[PDB]
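Below: one structure, written as structure tokens.
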Number of protein chains: 2
Amino acid sequence: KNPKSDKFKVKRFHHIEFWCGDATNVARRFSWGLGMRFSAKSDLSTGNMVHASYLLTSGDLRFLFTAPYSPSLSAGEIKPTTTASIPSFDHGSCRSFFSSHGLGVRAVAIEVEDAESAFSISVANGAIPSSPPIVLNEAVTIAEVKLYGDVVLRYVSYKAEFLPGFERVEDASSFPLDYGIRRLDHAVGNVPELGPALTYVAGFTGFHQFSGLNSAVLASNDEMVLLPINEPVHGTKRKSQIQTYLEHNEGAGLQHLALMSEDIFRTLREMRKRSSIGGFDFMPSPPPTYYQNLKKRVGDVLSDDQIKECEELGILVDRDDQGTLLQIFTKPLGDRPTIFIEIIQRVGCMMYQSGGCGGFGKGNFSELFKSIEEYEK
Amino acid sequence: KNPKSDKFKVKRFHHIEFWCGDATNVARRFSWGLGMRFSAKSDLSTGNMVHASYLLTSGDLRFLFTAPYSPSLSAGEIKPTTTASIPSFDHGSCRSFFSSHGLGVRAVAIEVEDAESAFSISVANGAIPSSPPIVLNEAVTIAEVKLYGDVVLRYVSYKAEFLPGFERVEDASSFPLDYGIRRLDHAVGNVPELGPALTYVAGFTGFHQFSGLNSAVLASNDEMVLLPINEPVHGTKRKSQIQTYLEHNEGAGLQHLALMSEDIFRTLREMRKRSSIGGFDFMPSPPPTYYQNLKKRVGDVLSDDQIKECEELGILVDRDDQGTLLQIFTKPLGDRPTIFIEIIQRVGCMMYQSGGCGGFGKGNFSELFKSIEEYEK
Ligand SMILES: Cn1c(=O)n(-c2ccc(Cl)cc2)c(=O)c2cc([N+](=O)[O-])c(C(=O)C3=C(O)CCCC3=O)cc21
Ligand SMILES: Cn1c(=O)n(-c2ccc(Cl)cc2)c(=O)c2cc([N+](=O)[O-])c(C(=O)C3=C(O)CCCC3=O)cc21
Ligand SMILES: [Co+2]
Ligand SMILES: [Co+2]
């Protein structure tokens, strides 16, 4: 069922913004590890005395990395005269965010028809406002409301290239890395209580509903903006990792970003080649039992060679009633066991491919729990 | 002249510690960009609930990267019961350092005969104490005094492997990168006033003295611990970059680290291959005039091919009366135009090679100023 109740016209995931202490180092690391090009910058060299922001790009995927300069550089400025290209930025909020959370996502940004309207309707409908609609160079409108913890849902809309005040990067420094990642599939929040988070967020967007945890997935009208939310289940055999997140994150925040690849096998080869030379590490590979059992559930979907490749790469495969999902999880992206990344590719549900095709891996909890057990053997 | 007045027995540069907001991302970036192995860690996986610290290594060069976890993780601890492997660490000092300076060096560490003695004698001789001598597992003694700004000079001594509480890293994650860098040659501070900084530091160590700026170089008995210090010259034609450092750094701090390579040509090839894929950028290359003029000053030292290689790589060459110096400078290592790195190799002064052989590049100010001018042509 899909009531299509979006209170305003939502288009797609536009970009994800990380709040860092040093944007250069994180961005350069992410670029290498994930195969993302350097596309745009806003910093001293572009006249921004407030924050340093570097945009990484792979297909439609836009990762933004932002860190504050010294407040001294812009002490003579006020908001009317600001040189920051993202007017919602605030030294104190940024430093406080990073001190409280470490490296993490500050904004999940979606493109909408009209960001001023989407903010008004949102706030009229329960959203806690975070930064009011501001119009940049009469060309783009940006607005922010609280999503969960210190993560904001950021609305962006264009009259008619990322943002005003950004510049396209020197082609010399923009080496065309690409490991196959194409767009953001979903962005997942961890909260201490699912119900109120859902009710709050579903309340002001109109989005509809699509082991260690309980979770639920909110989705826009065409189900291409997918916002799962997790909560822990306490008392369990092995401690809830949603709880471990909340402890080390100092509260709710973004847990993981799921990035769609147009060739999950090439992506995972390319990322794993780089795991130990600056890139990202992947979760431990499941035992061969998980892959012996793969034939009986997806043998009609992937060849034995395609299945053998999965085993080389530690890829996970799950299937619902509409499609098949290939997925894998990185280890945490930073010092803390908090945010991580998921690499995704979906097969099926073509009419284009509809969102969520294959689910989010629900069946892999049972398949792993079992295959762990039948591997002791 | 070398009076050899060290007030205590200094051995060599032991390690450099960066204070970061996220140690993983900086370290992984530095590893790739500079060809440094992952050698040791102290973090949650080793039971450290206080800070995350990762050691990178290339030859004798030891870069340490440290970031704080949430103070909540260790709220029940006191200094006697601490789980931090570096007992001088302090969340508040670290967060304050990084908020004030961004990514930068917190400690310049030298190995000494006896760190307890070196601290006492230092403090008896004017040093502002920063962390008193602490003995770790009855095996290593560490102590800290203020060097300049918020940079500490850290004494380390061993009775008899980096530090207690660190673990050697999984050989799977320890890929043996190596671009030829072998040790730290000198670590340079920028201060607003040279005289008092010199007098202070020479005062408590016994170290002796070895455009935009004035500078002077302090050195231990065998001149293998070299600590230049810069100050600006105001009013000049083009603004002092020592001043630009002080403005963007919020005061004095470490300006650059000069790393010795056993093959500056292979290092610079390897680092430049990686400049645009996660590594480090290098300063703009000098005009061909600088290389046409190279033959007449170092043509007795490097072949025409060796000189041609220099031109490919942007290498700078200078010469004093004892030896020849090959050097190049990176662009800043982080968001701010503050700390950068210098790649060095020295030819001459063999008896072993004596420290400082070839100087620090003094002659290259004139040679560049000129070659810029004779290139307009
Ligand atoms: C597939 N999968 C998985 O297999 N394991 C796993 C690993 C090892 C062992 Cl032994 C057993 C199970 C996970 O732990 C796991 C955790 C998460 N998560 O925390 O969100 C997700 C996930 O992506 C997700 C949700 O579950 C519901 C909300 C939508 C959503 O996106 C998927 C997971
Ligand atoms: C060699 N050299 C250089 O050529 N230029 C340069 C670049 C481009 C143009 Cl056009 C003209 C000149 C520098 O700016 C420069 C700056 C520094 N520094 O700031 O310390 C150093 C340096 O390493 C150093 C000192 O100078 C004295 C204390 C010991 C020490 O280590 C060397 C430099
Ligand atoms: Co997921
Ligand atoms: Co130097």
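Naming scheme: A, B, ... for chains in displayed order of the structure tokens; residues 1 onward per chain; ligands 1 onward as shown.
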
Within 9 Å of residue 291 (chain A) using only C-alpha atoms, minus same-chain residues under 4 positions, as a ChimeraX atom specification: /A:286-287,295,307-308,310-311,316,371

Keeping only N, CA and C atoms, write the selected residues to a file as a compact mmCIF listing (two decimals), in the first residue's frame.
# COMPACT_ATOMS: atom_id res chain seq x y z
N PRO A 286 30.91 -13.45 5.76
CA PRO A 286 30.13 -14.55 6.34
C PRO A 286 30.77 -15.89 6.02
N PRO A 287 30.49 -16.92 6.81
CA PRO A 287 31.14 -18.22 6.60
C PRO A 287 30.71 -18.83 5.28
N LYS A 295 22.61 -20.91 -3.17
CA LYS A 295 22.04 -21.50 -4.38
C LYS A 295 20.55 -21.75 -4.22
N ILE A 307 27.53 -16.21 -8.01
CA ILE A 307 27.52 -16.55 -6.59
C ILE A 307 28.95 -16.68 -6.06
N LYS A 308 29.85 -17.28 -6.85
CA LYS A 308 31.24 -17.43 -6.41
C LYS A 308 31.91 -16.08 -6.21
N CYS A 310 30.32 -13.28 -5.33
CA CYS A 310 29.80 -12.87 -4.02
C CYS A 310 30.65 -13.41 -2.88
N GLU A 311 31.09 -14.67 -2.97
CA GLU A 311 31.84 -15.24 -1.86
C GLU A 311 33.22 -14.60 -1.76
N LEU A 316 26.47 -9.89 0.47
CA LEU A 316 25.28 -10.50 1.03
C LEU A 316 24.16 -10.40 0.00
N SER A 371 23.56 -19.69 9.33
CA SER A 371 24.82 -20.13 8.72
C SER A 371 25.99 -20.05 9.69

Can you build me a table of chain B residues sitting at most 9 Å from ligand 2, with the closest atom pair per residue and its distance in Å to one decimal, using only C-alpha atoms and all ligand atoms, sorted by chain and residue number, as a Markdown table?
| residue | atom | partner | partner_atom_place_in_ligand_line | distance |
| --- | --- | --- | --- | --- |
| B:186 | CA | ligand 2 | 31 (O) | 6.9 |
| B:187 | CA | ligand 2 | 31 (O) | 7.5 |
| B:188 | CA | ligand 2 | 31 (O) | 6.0 |
| B:189 | CA | ligand 2 | 20 (O) | 8.3 |
| B:190 | CA | ligand 2 | 19 (O) | 8.2 |
| B:211 | CA | ligand 2 | 12 (C) | 7.0 |
| B:212 | CA | ligand 2 | 14 (O) | 8.2 |
| B:213 | CA | ligand 2 | 19 (O) | 7.5 |
| B:214 | CA | ligand 2 | 27 (C) | 7.5 |
| B:215 | CA | ligand 2 | 28 (C) | 5.1 |
| B:216 | CA | ligand 2 | 28 (C) | 6.0 |
| B:217 | CA | ligand 2 | 29 (C) | 6.3 |
| B:226 | CA | ligand 2 | 29 (C) | 8.9 |
| B:227 | CA | ligand 2 | 29 (C) | 8.0 |
| B:228 | CA | ligand 2 | 29 (C) | 4.9 |
| B:229 | CA | ligand 2 | 28 (C) | 6.1 |
| B:230 | CA | ligand 2 | 28 (C) | 6.1 |
| B:241 | CA | ligand 2 | 19 (O) | 7.4 |
| B:242 | CA | ligand 2 | 19 (O) | 6.8 |
| B:255 | CA | ligand 2 | 19 (O) | 7.3 |
| B:256 | CA | ligand 2 | 20 (O) | 7.0 |
| B:257 | CA | ligand 2 | 31 (O) | 8.3 |
| B:258 | CA | ligand 2 | 31 (O) | 7.3 |
| B:283 | CA | ligand 2 | 8 (C) | 8.2 |
| B:284 | CA | ligand 2 | 8 (C) | 8.5 |
| B:286 | CA | ligand 2 | 10 (Cl) | 7.6 |
| B:316 | CA | ligand 2 | 4 (O) | 7.3 |
| B:317 | CA | ligand 2 | 1 (C) | 8.6 |
| B:318 | CA | ligand 2 | 1 (C) | 8.0 |
| B:327 | CA | ligand 2 | 1 (C) | 7.3 |
| B:328 | CA | ligand 2 | 1 (C) | 7.7 |
| B:329 | CA | ligand 2 | 33 (C) | 8.0 |
| B:342 | CA | ligand 2 | 23 (O) | 7.1 |
| B:359 | CA | ligand 2 | 29 (C) | 7.9 |
| B:360 | CA | ligand 2 | 30 (C) | 4.9 |
| B:361 | CA | ligand 2 | 1 (C) | 4.0 |
| B:362 | CA | ligand 2 | 26 (O) | 5.9 |
| B:363 | CA | ligand 2 | 1 (C) | 7.4 |
| B:364 | CA | ligand 2 | 4 (O) | 4.4 |
| B:365 | CA | ligand 2 | 12 (C) | 4.1 |
| B:366 | CA | ligand 2 | 11 (C) | 7.4 |
| B:367 | CA | ligand 2 | 11 (C) | 7.9 |
| B:368 | CA | ligand 2 | 10 (Cl) | 5.1 |
| B:369 | CA | ligand 2 | 10 (Cl) | 5.7 |
| B:370 | CA | ligand 2 | 10 (Cl) | 9.0 |
| B:371 | CA | ligand 2 | 10 (Cl) | 8.8 |
| B:372 | CA | ligand 2 | 10 (Cl) | 7.2 |

Residues within 10 Å of region 10-16 of chain A, only C-alpha atoms, excluding chain neighbours under 4 positions, as a count of residues only: 43

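CA of residue 123 (chain B) is found 20.7 Å from CA of residue 209 (chain B).
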
All residues 7 Å or closer to residue 141 (chain A), only C-alpha atoms, same chain fewer than 2 positions away omitted, as a VMD selection string: chain A and resid 115 to 116 133 to 136 139 143 156 to 158

Members of region 25-94 of chain B assigned alpha helix (DSSP H) by DSSP, as a PyMOL selection string: chain B and resi 25-34+91-94

Please write the residues from the selection above to a file, keeping C-alpha atoms, as a PDB file, in the first residue's frame.
ATOM      1  CA  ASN B  25      40.583   9.583   8.418  1.00  0.00           C
ATOM      2  CA  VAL B  26      43.695  11.751   8.828  1.00  0.00           C
ATOM      3  CA  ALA B  27      45.873   8.731   9.414  1.00  0.00           C
ATOM      4  CA  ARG B  28      44.507   6.780   6.447  1.00  0.00           C
ATOM      5  CA  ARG B  29      45.003   9.881   4.280  1.00  0.00           C
ATOM      6  CA  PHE B  30      48.562  10.411   5.514  1.00  0.00           C
ATOM      7  CA  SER B  31      49.374   6.730   5.053  1.00  0.00           C
ATOM      8  CA  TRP B  32      48.386   6.778   1.385  1.00  0.00           C
ATOM      9  CA  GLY B  33      49.807  10.201   0.592  1.00  0.00           C
ATOM     10  CA  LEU B  34      53.205   9.709   2.254  1.00  0.00           C
ATOM     11  CA  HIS B  91      39.715  15.721  26.277  1.00  0.00           C
ATOM     12  CA  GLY B  92      39.388  19.425  27.011  1.00  0.00           C
ATOM     13  CA  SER B  93      42.910  20.360  25.930  1.00  0.00           C
ATOM     14  CA  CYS B  94      42.545  18.221  22.799  1.00  0.00           C
TER      15      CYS B  94
END

Those of region 123-180 of chain A in DSSP strand (DSSP E), formatted as a PyMOL selection string: chain A and resi 129-136+140-148+151-158+167-168

Pull N, CA and C atoms from the residues just selected and write them as a PDB file, in the first residue's frame.
ATOM      1  N   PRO A 129      11.897  23.708  13.427  1.00  0.00           N
ATOM      2  CA  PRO A 129      12.699  24.414  12.422  1.00  0.00           C
ATOM      3  C   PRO A 129      14.152  24.515  12.863  1.00  0.00           C
ATOM      4  N   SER A 130      15.066  24.377  11.906  1.00  0.00           N
ATOM      5  CA  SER A 130      16.485  24.504  12.220  1.00  0.00           C
ATOM      6  C   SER A 130      17.146  25.681  11.528  1.00  0.00           C
ATOM      7  N   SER A 131      16.790  25.970  10.279  1.00  0.00           N
ATOM      8  CA  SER A 131      17.319  27.151   9.618  1.00  0.00           C
ATOM      9  C   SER A 131      16.231  27.540   8.623  1.00  0.00           C
ATOM     10  N   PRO A 132      15.802  28.802   8.612  1.00  0.00           N
ATOM     11  CA  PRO A 132      14.636  29.188   7.814  1.00  0.00           C
ATOM     12  C   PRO A 132      14.998  29.241   6.341  1.00  0.00           C
ATOM     13  N   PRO A 133      14.015  29.360   5.444  1.00  0.00           N
ATOM     14  CA  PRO A 133      14.349  29.377   4.012  1.00  0.00           C
ATOM     15  C   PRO A 133      15.156  30.619   3.670  1.00  0.00           C
ATOM     16  N   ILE A 134      16.284  30.408   3.000  1.00  0.00           N
ATOM     17  CA  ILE A 134      17.117  31.498   2.522  1.00  0.00           C
ATOM     18  C   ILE A 134      17.296  31.291   1.032  1.00  0.00           C
ATOM     19  N   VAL A 135      17.289  32.384   0.273  1.00  0.00           N
ATOM     20  CA  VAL A 135      17.407  32.319  -1.180  1.00  0.00           C
ATOM     21  C   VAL A 135      18.818  32.756  -1.550  1.00  0.00           C
ATOM     22  N   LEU A 136      19.528  31.907  -2.289  1.00  0.00           N
ATOM     23  CA  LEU A 136      20.927  32.152  -2.612  1.00  0.00           C
ATOM     24  C   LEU A 136      21.036  32.643  -4.050  1.00  0.00           C
ATOM     25  N   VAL A 140      18.665  29.532  -5.865  1.00  0.00           N
ATOM     26  CA  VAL A 140      18.405  28.290  -5.150  1.00  0.00           C
ATOM     27  C   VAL A 140      17.951  28.650  -3.752  1.00  0.00           C
ATOM     28  N   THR A 141      17.021  27.874  -3.233  1.00  0.00           N
ATOM     29  CA  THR A 141      16.460  28.121  -1.923  1.00  0.00           C
ATOM     30  C   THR A 141      16.772  26.925  -1.045  1.00  0.00           C
ATOM     31  N   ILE A 142      17.220  27.195   0.172  1.00  0.00           N
ATOM     32  CA  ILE A 142      17.621  26.148   1.097  1.00  0.00           C
ATOM     33  C   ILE A 142      16.957  26.408   2.440  1.00  0.00           C
ATOM     34  N   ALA A 143      16.563  25.331   3.113  1.00  0.00           N
ATOM     35  CA  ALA A 143      15.886  25.416   4.389  1.00  0.00           C
ATOM     36  C   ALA A 143      16.106  24.102   5.111  1.00  0.00           C
ATOM     37  N   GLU A 144      16.032  24.147   6.446  1.00  0.00           N
ATOM     38  CA  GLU A 144      16.373  22.992   7.260  1.00  0.00           C
ATOM     39  C   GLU A 144      15.406  22.852   8.416  1.00  0.00           C
ATOM     40  N   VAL A 145      15.046  21.607   8.714  1.00  0.00           N
ATOM     41  CA  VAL A 145      14.278  21.265   9.905  1.00  0.00           C
ATOM     42  C   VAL A 145      14.987  20.108  10.594  1.00  0.00           C
ATOM     43  N   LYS A 146      14.817  20.014  11.908  1.00  0.00           N
ATOM     44  CA  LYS A 146      15.391  18.898  12.645  1.00  0.00           C
ATOM     45  C   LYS A 146      14.821  17.562  12.174  1.00  0.00           C
ATOM     46  N   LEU A 147      15.712  16.586  11.943  1.00  0.00           N
ATOM     47  CA  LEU A 147      15.288  15.240  11.550  1.00  0.00           C
ATOM     48  C   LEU A 147      15.301  14.289  12.742  1.00  0.00           C
ATOM     49  N   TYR A 148      16.468  14.092  13.350  1.00  0.00           N
ATOM     50  CA  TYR A 148      16.593  13.371  14.608  1.00  0.00           C
ATOM     51  C   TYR A 148      17.980  13.671  15.173  1.00  0.00           C
ATOM     52  N   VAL A 151      20.771  15.800  13.451  1.00  0.00           N
ATOM     53  CA  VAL A 151      20.729  15.678  12.000  1.00  0.00           C
ATOM     54  C   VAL A 151      19.535  16.473  11.496  1.00  0.00           C
ATOM     55  N   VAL A 152      19.767  17.333  10.498  1.00  0.00           N
ATOM     56  CA  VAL A 152      18.705  18.118   9.878  1.00  0.00           C
ATOM     57  C   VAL A 152      18.307  17.487   8.551  1.00  0.00           C
ATOM     58  N   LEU A 153      17.013  17.542   8.239  1.00  0.00           N
ATOM     59  CA  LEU A 153      16.540  17.270   6.884  1.00  0.00           C
ATOM     60  C   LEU A 153      16.570  18.586   6.125  1.00  0.00           C
ATOM     61  N   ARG A 154      17.352  18.643   5.052  1.00  0.00           N
ATOM     62  CA  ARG A 154      17.610  19.889   4.340  1.00  0.00           C
ATOM     63  C   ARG A 154      16.855  19.898   3.016  1.00  0.00           C
ATOM     64  N   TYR A 155      15.952  20.874   2.843  1.00  0.00           N
ATOM     65  CA  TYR A 155      15.243  21.038   1.578  1.00  0.00           C
ATOM     66  C   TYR A 155      16.032  21.951   0.656  1.00  0.00           C
ATOM     67  N   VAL A 156      16.152  21.552  -0.607  1.00  0.00           N
ATOM     68  CA  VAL A 156      16.796  22.368  -1.627  1.00  0.00           C
ATOM     69  C   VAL A 156      15.869  22.440  -2.828  1.00  0.00           C
ATOM     70  N   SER A 157      15.757  23.626  -3.431  1.00  0.00           N
ATOM     71  CA  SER A 157      14.971  23.771  -4.650  1.00  0.00           C
ATOM     72  C   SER A 157      15.657  24.768  -5.574  1.00  0.00           C
ATOM     73  N   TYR A 158      15.521  24.529  -6.874  1.00  0.00           N
ATOM     74  CA  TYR A 158      16.142  25.338  -7.915  1.00  0.00           C
ATOM     75  C   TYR A 158      15.061  25.968  -8.779  1.00  0.00           C
ATOM     76  N   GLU A 167      32.616  26.668  -6.550  1.00  0.00           N
ATOM     77  CA  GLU A 167      33.277  26.685  -7.841  1.00  0.00           C
ATOM     78  C   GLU A 167      33.566  25.258  -8.261  1.00  0.00           C
ATOM     79  N   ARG A 168      33.447  25.001  -9.566  1.00  0.00           N
ATOM     80  CA  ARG A 168      33.946  23.758 -10.130  1.00  0.00           C
ATOM     81  C   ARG A 168      35.455  23.684  -9.911  1.00  0.00           C
TER      82      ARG A 168
END

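Closest approach to chain A among B:239, B:1, B:248, B:208: B:248, based on only C-alpha atoms.
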
Distance query residue 334 (chain B) at most 7 Å, only C-alpha atoms, self and fewer than 5 positions along chain excluded, as a PyMOL selection string: (chain A and resi 22+24-25) or (chain B and resi 103)

Quick one: write out the picked residues with N, CA, C and O atoms as a tab-separated table (two decimals), in the first residue's frame?
chain	number	residue	atom	x	y	z
A	22	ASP	N	38.40	18.54	10.06
A	22	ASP	CA	39.19	18.92	8.90
A	22	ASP	C	38.53	18.32	7.66
A	22	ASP	O	38.46	17.10	7.53
A	24	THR	N	39.35	18.64	4.36
A	24	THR	CA	40.30	18.14	3.38
A	24	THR	C	40.63	16.67	3.61
A	24	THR	O	40.50	15.83	2.69
A	25	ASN	N	41.06	16.32	4.82
A	25	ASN	CA	41.53	14.96	5.06
A	25	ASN	C	40.41	13.94	4.92
A	25	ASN	O	40.61	12.89	4.29
B	103	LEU	N	43.57	20.83	12.48
B	103	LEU	CA	44.54	19.76	12.39
B	103	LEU	C	45.95	20.31	12.55
B	103	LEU	O	46.35	21.24	11.84

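With only C-alpha atoms as the atoms that count, the minimum distance from chain A to the choices B:261, B:85, B:39, B:174 is reached by B:174.
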